[PDB]
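S.K.: Following this: a sequence and the matching experimental structure.
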Amino acid sequence: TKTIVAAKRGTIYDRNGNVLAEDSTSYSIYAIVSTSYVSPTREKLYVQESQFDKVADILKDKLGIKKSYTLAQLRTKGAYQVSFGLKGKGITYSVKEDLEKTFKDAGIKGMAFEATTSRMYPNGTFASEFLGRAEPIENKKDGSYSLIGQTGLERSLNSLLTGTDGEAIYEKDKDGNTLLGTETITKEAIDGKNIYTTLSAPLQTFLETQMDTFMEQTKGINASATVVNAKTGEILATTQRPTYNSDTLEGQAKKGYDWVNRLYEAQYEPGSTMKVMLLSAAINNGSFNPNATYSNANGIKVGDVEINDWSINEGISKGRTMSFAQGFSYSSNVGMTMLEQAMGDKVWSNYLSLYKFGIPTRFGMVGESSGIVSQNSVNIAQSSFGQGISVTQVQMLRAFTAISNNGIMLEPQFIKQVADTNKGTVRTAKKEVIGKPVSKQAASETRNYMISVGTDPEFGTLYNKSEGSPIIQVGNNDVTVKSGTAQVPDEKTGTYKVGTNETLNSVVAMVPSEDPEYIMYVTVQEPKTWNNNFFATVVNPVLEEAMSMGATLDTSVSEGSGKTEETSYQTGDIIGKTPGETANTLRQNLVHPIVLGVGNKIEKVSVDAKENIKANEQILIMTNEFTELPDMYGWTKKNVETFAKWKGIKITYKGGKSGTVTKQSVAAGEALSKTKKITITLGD
Ligand SMILES: [Cl-]
């Protein structure tokens, strides 16, 4: 009868190899005292009574165990193998080796050591919710232990992190009970793969400190902050509050601790940061005249609902005439609602679809929420200022990348490299283009209008009138910013809470404004004390730290792995599986899947079950319900051809075969049943 030998679990690193989570082995000492423990020729293999006293001398000197306790245990009646309590467990490797040498030199047999593995998180309170926990779980079949990811990244990448288990034959007493430390390995375990995350430990450490200060200032019930590379979608730092120490779990049992992951599980109405998307759509639609004016004095009525600006609802002013650019700076709900009505519900609702709201990112984590998008006319209008629509933080980050990256939306990423150290192979990530909601010009103009949110002394909601300067500053750079306030729903009444500061406050910042390098998004729910100036506590120093790092944030193990052989990967049989979870799995393995349609079953895939898929290779997964033309921006020609063949559409190409789609002559969302021809422009 065999016993499983758990493989070493893979190490989780930051982007440059700083250890975030790793296995740690310690040992438990046992002594076999049964007079039945002899070889076939009756060689005594147990610890003999003539030696009990010497064992106590050794245990006292080496472990600080009182001689009388060692002696007591060694003399236990009816016992086969005995242990030695707390001092007999958690023994380091160096001490174990010393103890072994001591018994061997003293001619004492029967002492043994059983390995016990724990997961170590060296950075303590550091992206704790993101990393999650792997815990020791007992296999009820054979009594073996192995580490199993329970939450966060540990749980999400458990398949990669977990090696292939080994096998051993343990000796047993006559009662069938396993004798520990006696193993003979028969099948060697194969180590798990290492995961290099996109995180920058230095930046993350700095973010944790500033986030603690931000919580002291606001006393909010929860908060989040994430920094993203504006050009690649890589998550460089991410945290939430309240949090806990990953190594000791301290904070998890604190009053008010919230177990919900704020990056991808929590669903919320985002509020005014959504005006960034709105404004970009208005500019892209051609329905934005920055200079045209309007009045917020009477608000605006949609259906049977009244919409008003913040200053009107707080009695700051009787109303005022503003430019649309000024209303954007001022975060005027009325001005934005007017822009929404000018483009119309159908158009705006389609922009939200192009921005992928209501669709999970499937970026690699398990338990991601999808958000909620309403098709009710009142909600569509409200969504223009981020109410009546539910999102996750990661959906907002994804949308922000199109603003920061010339209209080209990117998939947020948290895995930089997956490494097989046994084989010396790796799979290294590159950016994943997933759509193009607006033009380069619309994105650029949106970013420029966002500077005024910070710089306009009269209208900017993020200008510090007391200091005569913007709240958010990063060296001498122009900073693209947008603040937000959002009404929060009440569980009792269903409707929004009315208390002072009983809101979700947030900000998005991009620096430098004209050619962004970094995006930062911060949220705080129900701050006891609030002032927009508090954002300077967390945004300013973190973005300045990011800018000061340079090649430390650009580089990773990627620079040094270009000559390293690439690990092979294949999907296996996925026809009939669920598209969502399959796409999520593929991204964990650095594949860039494109899910076609909304069905819950995979009908076709552009690569075969045993076909090798290179890192970053783009593939198509056609679901069983696919009726509308996708946004094909960034698709490879191979994928355009596969799609066209699957749906019987005639494609005319403009551009070299090596390129990816830069333009399509038929708009995304048109019925496939009426689409016979498309002109696709390729850009290499
Ligand atoms: Cl997807």
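M.R.: Here it is on my side, so go on. Residues are numbered from 1 along each chain as shown.
S.K.: Quick one: residues contacting residue 661.
M.R.: 632-635, 637, 640, 680-683 (Cβ atoms under 8 Å, 6 or more residues apart in numbering). For every residue, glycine as well, the C-beta is placed using N, CA and C.
S.K.: With residue 606 as the reference, measure out to it.
M.R.: 15 Å (Cβ to Cβ, to the nearest Å).
S.K.: got it, and residue 173?
M.R.: 58 Å.
S.K.: can you check residue 39 too?
M.R.: Relative to residue 606, and taking Cβ to Cβ, residue 39 is found at 62 Å.
S.K.: Compare neighbour counts for those two and give me the winner.
M.R.: residue 606 (23 against 8; other Cβ atoms under 10 Å).
S.K.: Which strand residues bridge the closest residue to the more buried one other than its chain neighbours?
M.R.: Using Cβ to Cβ, 6 or more residues apart in numbering and skipping the chain neighbours, the partner closest in space to residue 606 is residue 620 (4.0 Å). Beta bridges link residue 620 to residue 594 when assigned by DSSP bridges.
S.K.: mind listing what residue 620 touches?
M.R.: 593-594, 596, 604-606, 639, 642-643.
S.K.: In TSV: those residues, plus secondary structure and distance to residue 438.
M.R.: Converted to TSV, these look like this (DSSP: H, G, I helix; E, B strand; the rest coil; distance: Cβ to Cβ, whole Å):
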residue	secondary structure	distance to residue 438
593	strand	24
594	strand	20
596	strand	22
604	strand	31
605	strand	30
606	coil	28
639	helix	23
642	helix	27
643	helix	23
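S.K.: returning to that earlier point: for the contacts of residue 661, which one is nearest residue 387?
M.R.: residue 633 (29.2 Å; Cβ to Cβ).
S.K.: what about the closest one, how many neighbours?
M.R.: There are 21 residues near residue 633, going by other Cβ under 10 Å.
S.K.: Now for it: which residues touch it?
M.R.: Residue 633 neighbours (Cβ under 8 Å, 6+ apart): 408, 433, 435-436, 661-662, 664.
S.K.: Looking at those, which are in strands?
M.R.: Among these, the residues falling in strands (DSSP state E) are 433, 435, 661-662, 664.
S.K.: Of all pairs in the residues you listed, which one spans the longest distance?
M.R.: 433 and 664 (14.0 Å).
S.K.: Please compute how far the helix ranked longest in the chain lies from its chain's middle.
M.R.: If you go by DSSP state H, the chain has its longest helix at helix 201-218. Mean-position distance between helix 201-218 and its chain equals 18 Å (Cα atoms, centre = their mean, to the nearest Å).
S.K.: What strands line up against whatever helix or strand comes next after it, and which way round?
M.R.: Counting by DSSP states H and E, the next helix or strand C-terminal to helix 201-218 is strand 222-229. The pairing partners recorded for strand 222-229 under DSSP bridges are strand 235-241 (antiparallel), strand 518-525 (antiparallel).
S.K.: Strand 222-229: which residues count as buried?
M.R.: 222-229 (16 or more other Cβ atoms under 10 Å).
S.K.: that older thread, of all the strands paired with strand 222-229, which one is nearest residue 57?
M.R.: It's strand 235-241; of these, that one is closest to residue 57 (Cβ to Cβ) at 51.2 Å.
S.K.: residues in contact with the next helix or strand after the closest one?
M.R.: Per DSSP H and E, the first helix or strand lying C-terminal to strand 235-241 is helix 274-285. Contact partners of helix 274-285, identified using Cβ under 8 Å, 6+ apart, comprise 288, 328, 331, 336, 339-340, 342-343, 347-348, 351-352, 355, 383-386, 389, 399-400, 402-403, 437-439, 441-443, 445-446, 449-450, 482, 484, 508.
S.K.: quick one: which of these sit in strands?
M.R.: 389, 482, 484, 508.
S.K.: Surely the last one and residue 479 touch.
M.R.: No: because the distance of 10.6 Å does not satisfy Cβ atoms under 8 Å, residue 508 is recorded as not touching residue 479.
S.K.: in a helix, that's where residue 641 is, yeah?
M.R.: Yes: counting by DSSP: H, G, I helix; E, B strand; the rest coil, residue 641 is found in a helix.
S.K.: which bits of this protein sit near the ion?
M.R.: Residues of the chain found near the ion (Cβ under 5 Å from the ion) are 362, 583, 595.
S.K.: now do 6 Å
M.R.: Counting by Cβ under 6 Å from the ion, the residues of the chain close to the ion are 362, 583, 593, 595.
S.K.: just checking, the third one touches residue 587?
M.R.: Okay, so that is residue 593. Yes: counting by Cβ under 8 Å, residue 593 sits close enough to residue 587 to count as a contact (7.0 Å).
S.K.: and for these two, which residues touch both?
M.R.: Going by Cβ under 8 Å, 6+ apart, residues that sit against residue 593 and also against residue 587 are residue 362.
S.K.: Could you spell out which stretches of this protein belong to which domain?
M.R.: Domain ranges of the chain: 1-6+165-190, 7-25+116-164, 26-115, 191-561, 562-684, per curated CATH domains.
S.K.: Report the buried residues of stretch 300-316.
M.R.: Buried residues in stretch 300-316 (16+ other Cβ under 10 Å): 300, 302, 307-309, 311-312.
S.K.: Tell me how far it lies from the chain's centre.
M.R.: With Cα atoms, centre = their mean, you get 37 Å for stretch 300-316.
S.K.: now do stretch 127-140
M.R.: 16 Å.
S.K.: Direction-wise, compare the top strand by length along the chain with helix 201-218 and give the angle.
M.R.: Assignment by DSSP E gives strand 19-32 as the longest strand of the chain. In terms of direction (axes from the mean of the first three to the mean of the last three Cα atoms, to 10 degrees), strand 19-32 departs from helix 201-218 by 100 degrees.
S.K.: So which elements touch strand 19-32?
M.R.: strand 12-13, strand 81-82, helix 93-105, strand 111-120 (3 or more Cβ pairs under 8 Å, 6 or more residues apart in numbering; DSSP states H and E).
S.K.: ok so, going back, taking the contacts of residue 661 one by one, which sit in helices?
M.R.: Those of these lying in helices (DSSP H): 637, 640.
S.K.: isn't residue 411 right next to residue 435, touching?
M.R.: No: when contacts are counted by Cβ under 8 Å, residue 411 is not listed as touching residue 435 (9.5 Å).
S.K.: re earlier: distance to residue 132 added to the buried residues of strand 222-229, as a markdown table?
M.R.: Shown next, in a markdown table, are these (distance: Cβ to Cβ, whole Å):
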| residue | distance to residue 132 |
| --- | --- |
| 222 | 18 |
| 223 | 19 |
| 224 | 16 |
| 225 | 18 |
| 226 | 16 |
| 227 | 20 |
| 228 | 20 |
| 229 | 23 |
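S.K.: What is the nearest of the residues you listed to the ion?
M.R.: residue 228 (18.1 Å; Cβ to the ion).
S.K.: Return the member of the ones in strands among the contacts of helix 274-285 nearest to residue 188.
M.R.: Among the ones in strands among the contacts of helix 274-285, and counting by Cβ to Cβ, the member closest to residue 188 is residue 508, at 50.2 Å.
S.K.: contacting residues for the closest one?
M.R.: 273, 276, 396, 400, 481-482, 484, 519-521.
S.K.: Could you measure from it over to residue 225?
M.R.: Residue 508 is 11 Å from residue 225, by Cβ to Cβ.
S.K.: Residue 408 now?
M.R.: Counting by Cβ to Cβ, the gap from residue 408 to residue 225 is 25 Å.
S.K.: Same check on residue 375?
M.R.: 32 Å.
S.K.: Can you find the residue of the stretch 301-450 of the chain that comes nearest to the ion?
M.R.: residue 362 (4.0 Å).
S.K.: tell me the phi and psi of that residue?
M.R.: phi 60, psi 40 (degrees, to the nearest 10).
S.K.: Tell me how many other residues crowd it.
M.R.: Neighbours of residue 362 using other Cβ under 10 Å come to 20.
S.K.: residues contacting residue 190?
M.R.: 7, 163-164, 166, 422.
S.K.: May I ask which two of those are separated the most?
M.R.: 166 and 422 (13.1 Å).
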